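A, B, C, D and E label the chains in the order they appear, each numbered from 1.
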Amino acid sequence: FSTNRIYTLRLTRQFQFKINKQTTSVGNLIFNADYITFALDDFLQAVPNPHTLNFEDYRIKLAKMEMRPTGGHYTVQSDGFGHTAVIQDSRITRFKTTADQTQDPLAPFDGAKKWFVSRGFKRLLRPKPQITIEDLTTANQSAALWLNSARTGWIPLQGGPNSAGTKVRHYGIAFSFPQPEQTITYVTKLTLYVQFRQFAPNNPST
Amino acid sequence: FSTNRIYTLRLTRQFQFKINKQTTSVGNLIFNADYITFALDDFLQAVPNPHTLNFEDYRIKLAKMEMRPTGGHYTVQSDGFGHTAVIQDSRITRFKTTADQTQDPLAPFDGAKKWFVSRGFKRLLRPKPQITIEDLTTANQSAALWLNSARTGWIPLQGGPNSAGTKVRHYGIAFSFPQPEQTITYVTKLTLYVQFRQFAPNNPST
Amino acid sequence: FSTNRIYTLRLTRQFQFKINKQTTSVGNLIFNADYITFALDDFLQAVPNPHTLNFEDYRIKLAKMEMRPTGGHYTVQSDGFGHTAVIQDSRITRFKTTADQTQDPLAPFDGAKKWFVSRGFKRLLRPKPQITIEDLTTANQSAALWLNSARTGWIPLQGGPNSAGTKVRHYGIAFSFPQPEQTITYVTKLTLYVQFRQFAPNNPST
Amino acid sequence: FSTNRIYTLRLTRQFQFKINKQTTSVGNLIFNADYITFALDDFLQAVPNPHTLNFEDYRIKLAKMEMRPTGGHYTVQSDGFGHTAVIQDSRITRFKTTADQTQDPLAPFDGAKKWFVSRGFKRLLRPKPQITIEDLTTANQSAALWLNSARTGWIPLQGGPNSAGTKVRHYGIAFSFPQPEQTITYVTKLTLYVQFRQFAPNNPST
Amino acid sequence: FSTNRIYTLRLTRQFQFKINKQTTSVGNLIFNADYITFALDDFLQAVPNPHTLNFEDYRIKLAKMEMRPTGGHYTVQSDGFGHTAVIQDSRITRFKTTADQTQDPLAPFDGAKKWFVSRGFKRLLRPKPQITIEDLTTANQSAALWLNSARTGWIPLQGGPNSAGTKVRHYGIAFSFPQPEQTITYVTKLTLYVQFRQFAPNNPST
């Protein structure tokens, strides 16, 4: 029971996702995309999970996204295929498309993987937190760097001036789809595999 | 970082394809066919791809065509089977049929593979560029020759009197189908596996 | 062609540098110094280079500075010797001297290497990006940290709140010189050896 | 003494090259470039060489370019450095620059090699003839392909409708330079290492 | 971290040296000479160096003298050769000549190494501090002794009645030259390789 004692937990949450009936450029093949990021706090705030944890540090070793259709949609009713892509930096925010795309916006990525609209998909990834760099050739701008291995660093749950360690955004997975003729609803389940370091007391009473 | 340094990229593009409801020779079995060819420029002009590449030469090692039904078509709704065939010369243009065929026009080909209309198909091939021969027994006519191995040659991206190296047409895959009782729409994804030779600057400023 | 697929490119740019005739403390030995830093954007904006790259992340493995005399300067015309030094943090900005130095301001550095003014120099180094630390004993001040191995991290090209990943400043090489009796002009060539991670599409259309 | 009997010859020619005094943008670093291509006829027409050869076919295994200063220019008078690049397709014609370049136009090439203006350079290469492709996605345009190995093909000296086999253009080497303060004249020597197949008679008398 | 803990540093300083145009005994060969000694304080006083060191003892293991021409002097311009000699006692003071020598005053020394006036020289040596002997056959006179190995002793930085440990003079290197037809200026760089013993606090406050 040393300072560096480690514990591993599995954490999950779910939510609904909708792909809307195509009402634009009807008759043409169009694509759109959305994305998911992972933060420990997103999971601790889910109703059935522990809302606080008594550990000093954490690191996310692995994340999982599974999206499967519901609402009575037929798995044998083909609606083409889109792609999933692992995008481990804040550029992923551009891949929630705000206009219709004439090509699959994710297919060109290295690591892009096909998925069929009518079956959903399942994918695991190593999501990355973004370390700050403030020394750029343009003054007062900043950029990011992330570490190749999760074993390199630890994130204090209550470190920093806001005690907001659990809100670090880890990137990330995006998914694209050809727009279908009818609306399709899905159940999405996210899973975190998180290591925690150092069991810790509550903050002192004041 | 020598003159002969090689890089390899994967490139993709997508489009919609329709097989129309049978409205001719109704009640009888008929077949039609279409085809696809591959040019690097086709892929670089696709919206999400780089539209120019800073390499001196290229060669297409492998191509992949995948066509899958969309528009709510049921995979368990059987509409017979047609064939794909690898046709590596410009004769393939005759296999976009302009009249109904009473037999499957591609089935006799060596290499012809069956595919079910309601499931689509996936096929990889080695598409071939066509070298010119102008010395024929008939005057003012030319013919073609293609090389067995992609490693034999290189196509300069900006070589030739038109600087149109990326537009060389590589042949090719055709697909046939028995005409269905209802229209079927598909999503088609093409993929190229391309080697590039010699990282290169932009053309000099003028 | 996985998420972690790596590509390696060599990139270069050039510019002119002048060491001015000595017009101060005439007859005495004085020294001055200047310095160079490395940012990917510096090289992509150079006219003959690709101005955007379709990769998700990068890291600079190695940099090279070569400065050689031009303008008819005689290599056999001895004008003494100064030093180069590898300075891998923003302290290097103090070594663009604004006053004449009575000693060589770089010679004391560990790693300082001699170079003859009339011949120029060539030096390779591992330039370092600067990670931010904001938790200091003095309020409202920040400091830097850099990683020993380039393999530890990745810089996303479009990551961070400014999408300015390519503008991260990597430090750095400084060079000093005894002031010569006549002006000397040089041609400087910088070279980067950069690994890129994950071929990527263009940003979606908006 | 069979049909496939081979003979190897070394062939050479020389000419003068001038790099002009900079008279534009004086005070700025600018670059220009030129290039050389290789054709057997260029060498057979040189005064001291045999103007016809009694062989049926040939192939160029190796070419060499050596350019060295003359006109009294001092090798110890430094005028910076440019680069040489092997460019084995007709794109090389763009690298005879018609406007001043702000960067070295050849340095980014894979295989680019530095050379000092005041010493000249020497470089060997495998120059390539350009095979015609007329089947492009744009009608009535053509492009090129070249073969990786010289051992793959033979060029008949008198083949084709013009009996102009010796005029096939083999590409190619380009060289760039920073513009110097005074004009520099050079002697350039080119060398071909050519294999010939099948000793042959003169054409019949008519 | 014991009493005997050793640290090793490299220290350097520079200065100008002139060999004057021959204005005496013109038309004849004459020689003059000068010398350098080494004291830690000489290097700590130099502007860019730390002016105090927090160590208890030191010893100089190795010294280096490098003198190279400047002022535009041509290296290919022959001005004869002189010699360097390692003179490890205070007799060296006699070898700053005050009258012209008709022979090279240092060439006879065992260890004398020639150097060309137009190229300068570089020499390493083990400089020696001088231990006092006061028991001589003549009253009120003293002499010197020095130790063969640097490992034999240690010099406390603040030892002795003047706390002037860093001012111990270590001998020494002399250089001779034939008097040239025109003045020649040089840049001289001296380097010390110093071991320090026992990291130490500041002197107590008073």
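In this section, contacts are C-beta pairs under 8 Å (C-beta built on N, C-alpha and C of every residue); 3 or more make two chains touch, one makes a residue touch a chain.
By residue number, the contact pairs of C-D overlap by more than half with those of exactly one pair in B-D, C-E or A-C, and this pair is C-E. The interface with the greater number of C-beta contacts, when B-C is set against A-B, is A-B.
For the pair chain D and chain E, the distance between mean C-alpha positions equals 59 Å. Taking each chain's centre as the mean of its C-alpha atoms, chain A lies 68 Å from chain E.
If you average the Cα atoms of chain B and of chain C, the two centres end up 47 Å apart. If each chain is reduced to the centroid of its CA atoms, chain A and chain B end up 36 Å from each other. Residue numbers of chain A whose C-beta contacts span two or more other chains: 101-102, 105, 107-108, 110. If you check the complex, the residues on chain B that touch chain D are 1-5, 39, 41-42, 54, 56-57, 90, 129-132, 135, 142, 144, 151-165, 167-169, 198-201, 203-206. Of all the residues in chain B, the ones that touch chain C in their complex are 1, 7, 9-10, 47-50, 54, 199, 201-202, 204-205.
The touching residues of chain A, counted against chain B in their complex, run 28-29, 31, 74, 76-81, 101-105, 107-108, 110, 114, 116-117, 178, 180-182.
Taken in their complex, chain C has these residues touching chain D: 10-16, 46-49, 68-76, 186-187, 189.
Interface residues of chain A facing chain C in the complex, by the touch rule stated above, are 33, 85-91, 94-95, 97-99, 101-102, 105-111, 125, 130-138, 141-148, 152, 160.
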